[PDB]
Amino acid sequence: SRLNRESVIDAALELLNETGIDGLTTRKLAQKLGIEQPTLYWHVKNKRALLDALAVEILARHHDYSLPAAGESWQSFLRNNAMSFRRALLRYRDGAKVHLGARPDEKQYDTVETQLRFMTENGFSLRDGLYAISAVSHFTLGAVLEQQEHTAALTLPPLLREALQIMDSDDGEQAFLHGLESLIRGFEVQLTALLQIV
């Protein structure tokens, strides 16, 4: 079939939903495209470069709240951004594992730069703005993962019994959204304090 970049990525994402990250191989990617392994290699050198590519395209195709809206609050931007990043990670099987094994890439450079500039324009130091952005990022990847490598594994005292019922009634959305607010109000308490003891 066509082996332009955007066709190869299309096929590899389709393969990732079928196999999960651990079973995604270049060998299986060549079979799906109808080509011999040395043909694929001219296009894709290894699994790592494939995964680097998928991590970037997943956000480029599906992460549509990369950037704050005109005049949006930093609070509203972190909420929207986090929700967008979660949805984009959940869209493909092992999406979070695909994300984690990858470089904040040339192509994204100016997106992540804009995010940091926006935090500093809203009264954060670079360090504290980066700590907020990183915290939201780590919390969000941790939640999405838990689910996703949860499901991978499977292919009581009473409170733990009720809690596993609770955590498995939606798919971590409630718990995700409640922690998101907790974390944002924490940053705002920190920001407002300045040099006051808090």
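Each residue number is its position in the shown sequence, starting from 1.
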* Asked: Do the C-alpha atoms of 143-151 or of 43-51 have the higher average B factor in the entry?
  -> 143-151
* To do: Identify the stretch, either 159-167 or 56-64, whose C-alpha atoms have the larger mean B-factor according to the entry.
  => 159-167
* Of the three thirds of its chain by CA temperature factor, lowest, middle or highest, which one includes residue 76? -> lowest
* Structure fact -> Chain thirds by Cα B factor, record data; residue 10 belongs to the middle
* Looking at the C-alpha B-factor of residue 190, is it in the lowest, middle or highest third of its chain? -> middle
* To do: Using the B-factors in the PDB entry, rank residue 99's C-alpha atom against the chain and give the third, lowest, middle or highest.
  => lowest
* Ranked by Cα temperature factor within the chain, is residue 109 in the lowest third, the middle third or the highest third? -> highest
